[PDB]
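Remarks on the structure that follows.
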Amino acid sequence: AXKXX
Amino acid sequence: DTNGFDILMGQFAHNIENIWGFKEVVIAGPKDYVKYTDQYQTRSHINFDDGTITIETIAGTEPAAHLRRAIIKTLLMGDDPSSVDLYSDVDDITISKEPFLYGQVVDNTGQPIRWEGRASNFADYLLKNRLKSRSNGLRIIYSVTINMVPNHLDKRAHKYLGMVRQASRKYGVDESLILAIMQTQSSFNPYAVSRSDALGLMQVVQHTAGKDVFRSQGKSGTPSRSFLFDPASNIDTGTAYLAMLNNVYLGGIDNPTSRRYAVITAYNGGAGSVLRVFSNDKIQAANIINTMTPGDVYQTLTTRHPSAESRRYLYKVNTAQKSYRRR
Ligand SMILES: *C(=O)[C@@H](C)O[C@@H]1[C@@H](NC(C)=O)[C@@H]2OC[C@@H](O2)[C@H]1O[C@@H]1O[C@H](CO)[C@@H](O)[C@H](O)[C@H]1NC(C)=O
Numbered sequence: 003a004x005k006x007x
Numbered sequence: 033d034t035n036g037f038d039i040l041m042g043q044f045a046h047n048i049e050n051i052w053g054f055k056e057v058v059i060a061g062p063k064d065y066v067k068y069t070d071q072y073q074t075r076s077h078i079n080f081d082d083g084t085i086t087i088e089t090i091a092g093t094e095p096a097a098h099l100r101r102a103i104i105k106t107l108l109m110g111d112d113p114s115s116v117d118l119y120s121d122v123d124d125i126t127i128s129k130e131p132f133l134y135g136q137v138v139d140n141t142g143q144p145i146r147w148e149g150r151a152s153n154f155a156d157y158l159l160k161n162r163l164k165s166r167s168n169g170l171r172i173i174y175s176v177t178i179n180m181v182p183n184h185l186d187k188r189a190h191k192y193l194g195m196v197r198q199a200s201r202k203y204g205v206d207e208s209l210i211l212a213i214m215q216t217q218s219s220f221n222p223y224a225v226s227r228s229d230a231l232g233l234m235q236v237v238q239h240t241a242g243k244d245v246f247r248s249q250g251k252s253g254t255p256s257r258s259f260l261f262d263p264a265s266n267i268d269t270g271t272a273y274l275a276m277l278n279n280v281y282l283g284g285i286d287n288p289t290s291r292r293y294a295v296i297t298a299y300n301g302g303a304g305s306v307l308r309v310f311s312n313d314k315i316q317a318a319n320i321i322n323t324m325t326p327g328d329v330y331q332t333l334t335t336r337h338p339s340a341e342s343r344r345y346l347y348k349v350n351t352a353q354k355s356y357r358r359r
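Protein sequences, first through last, are from chains C and A.
Start counting the first sequence at 3; every next residue gets the next number (the authors' numbering).
Start counting the second sequence at 33; every next residue gets the next number (the authors' numbering).
Structure (C-alpha cells):
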C-alpha cells in the first residue's frame with residue numbers, strides 16, 4: 003500500500 | 033536500467049510536490065491506480081481495496097472540463113498495464129471497446145459503461161450533482177468520487193480464474209492459496225507496483241523470487257518488467273515461487289500446515305527471515321519448527337516475525353484462503 007525508488 | 037527508474041521516480045514525486053504540495057502527494061501503489069495528466073494538475077485514483085474512484089483537479093482555469101476528460105478517460109481506459117506509465121504525466125492513448133472498469137462501476141442509471149456517450153452523460157451528472165471542493169491551504173482542489181459495485185473484487189478476480197486454474201494444475205499449488213495471495217498483494221490490480229519493486233497481480237520482485245523461479249525452469253537471468261505485467265505470466269511466476277518455497281526452501285518443515293504458514297510468510301519476507309525467527313541455523317530452525325504445533329508456528333510468526341508487514345500478511349492470507357477454499 004501505495005512509489006518506486 | 034534501475035538507476036534511470038529511480039531518478040525518474042524522484043522527478044515524478046517532485047513534480048507532484050510542486051503543484052499539489054508535499055501533503056497532497058498521491059502515488060500509485062499495489063492497490064491503488066494513480067494517473068497524473070494535465071501537467072500534473074489532474075489526477076485519477078482507483079482504490080481497489082475500498083472500491084472507490086476519485087478524480088481530482090487543481091487547475092485554476094476550467095476545472096470541470098479537466099475533470100470531465102479524466103472521468104471519461106478513466107471509465108473507458110483499456111486494460112493495458114504494459115503500455116501506461118503511472119509515473120509520467122503523459123496522456124497515454126488508452127480508450128477501449130472493453131474498458132478495464134467495465135461492470136465494476138455503473139452509472140447514474142445503474143448501467144455499465146463501455147462507450148463515450150454514457151461516460152460523458154455520467155460525467156455531467158457527477159459534475160452537476162456530486163462535485164466537491166477543498167483547499168490546499170493555497171488552492172482549491174475539485175473532485176468527484178465514484179463508488180464501484182459492491183462485488184467489484186469478485187468481478188476483478190473473475191478475469192484471472194482461468195490463469196489461476198492452469199497455474200494450479202501446472203505446479204501443484206492450491207487455487208485458494210494463489211487467489212488469497214493476489215487478493216492480499218494487489219486486490220487483483222494489473223497495474224500494481226510497490227515501493228519495494230513488486231510487480232503485478234501477485235506482486236513479484238524480479239531479482240529475488242523472479243530470478244529463483246527462472247532457475248528451476250532452466251533459465252538464466254531475470255523476468256522482465258513486461259513479462260510480469262502480463263497477467264498469465266505473472267500468475268504463473270508467482271505460483272511457481274509458492275511451489276518452490278514449499279518444495280525446496282521450506283522443504284525441511286514436516287507438518288504441511290506449518291509449512292503453509294512458513295511459505296505464506298516467506299512469500300512476503302523471504303524464506304531466510306522466516307527460518308531465522310526460530311534459529312540462525314536453517315536446519316536447526318526447521319528442527320525447532322518440527323517440535324511445535326501448527327497453531328504455535330502460526331502464533332510465533334504472527335507475533336514475533338521482525339517485519340510488521342509480513343506479520344500482518346500471514347493473518348490476512350490465512351483468513352482470505354478460507355473464503356476461496358470452498359468450491
Ligand atoms: C501495499 O499494500 C503492499 C502490498 O506493499 C507492501 C508494503 N509494505 C508495507 C505496507 O509495510 C510496502 O509497499 C511496497 C512493499 O512495501 C510491499 O511489500 C513487499 O511485498 C513483496 C511480495 O511480493 C515482497 O517480496 C517484498 O519484498 C516486500 N517488501 C519487503 C518486506 O522488503
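Cβ atoms here follow ideal geometry from the backbone N, Cα and C, with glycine treated the same way.
9 Å Cβ cutoff, residue i in contact with chain C
i      : result
A:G83  : no
A:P222 : no
A:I78  : no
A:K63  : yes
A:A45  : yes
A:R227 : yes
A:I213 : no
A:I59  : yes
A:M41  : yes
Candidates the options, of which the one nearest residue i by Cα
i      : options                           : result
A:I173 : A:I90, A:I210, A:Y157 and A:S252  : A:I90
A:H98  : A:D82, A:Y119 and A:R75           : A:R75
A:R166 : A:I315, A:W52, A:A230 and A:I267  : A:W52
A:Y356 : A:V295, A:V196 and A:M324         : A:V196
A:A275 : A:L233, A:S305 and A:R201         : A:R201
A:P131 : A:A102, A:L209 and A:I145         : A:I145
A:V329 : A:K354, A:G61, A:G302 and A:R291  : A:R291
A:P338 : A:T325, A:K314, A:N300 and A:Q353 : A:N300
A:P113 : A:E56, A:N221, A:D229 and A:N279  : A:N221
A:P326 : A:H184, A:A298 and A:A294         : A:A294
A:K314 : A:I285, A:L231, A:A352 and A:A241 : A:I285
A:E88  : A:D82, A:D81, A:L40 and A:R101    : A:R101
A:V122 : A:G194, A:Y72 and A:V137          : A:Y72
A:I178 : A:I103, A:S342, A:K243 and A:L307 : A:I103
A:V225 : A:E148, A:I59, A:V137 and A:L193  : A:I59
A:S120 : A:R344, A:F44, A:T271 and A:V237  : A:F44
Assigned secondary structure, residue i (DSSP; H/G/I helix, E/B strand, else coil)
i                      : result
A:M276                 : helix
A:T89                  : strand
A:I78                  : strand
A:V329                 : helix
A:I145                 : coil
A:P131                 : strand
A:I59                  : coil
A:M234                 : coil
residue 368 of chain A : Shown here, chain A extends from 33 to 359; a query on residue 368 of chain A therefore has no answer.
A:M324                 : coil
A:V138                 : strand
A:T84                  : strand
A:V245                 : helix
A:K187                 : helix
A:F259                 : helix
Status (buried if at least 16 other CB within 10 Å, exposed otherwise) for residue i
i      : result
A:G204 : exposed
C:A3   : exposed
A:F54  : exposed
A:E94  : exposed
A:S252 : exposed
A:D268 : buried
A:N266 : buried
A:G36  : exposed
A:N278 : buried
A:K63  : buried
A:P255 : buried
A:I210 : buried
Terminal residues of the alpha helix (DSSP H) in which residue i lies
i      : result
A:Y293 : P288 to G301
A:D38  : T34 to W52
A:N350 : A340 to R357
A:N179 : Here A:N179 belongs to no alpha helix (DSSP H); instead the beta strand (DSSP E) covers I172 to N179.
A:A199 : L193 to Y203
A:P95  : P95 to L108
A:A224 : Premise fails: A:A224 is in no alpha helix (DSSP H) and is neither H nor E.
A:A212 : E207 to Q217
Continuous beta strand (DSSP E) stretch holding residue i: start and end
i      : result
A:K164 : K164 to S167
A:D64  : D64 to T69
Proximity test, residue i beta-carbon vs ligand 3 heavy atom, cut-off 8 Å
i      : result
A:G301 : Looking for ligand 3 in the displayed structure turns up nothing; the ligands present are ligand 1.
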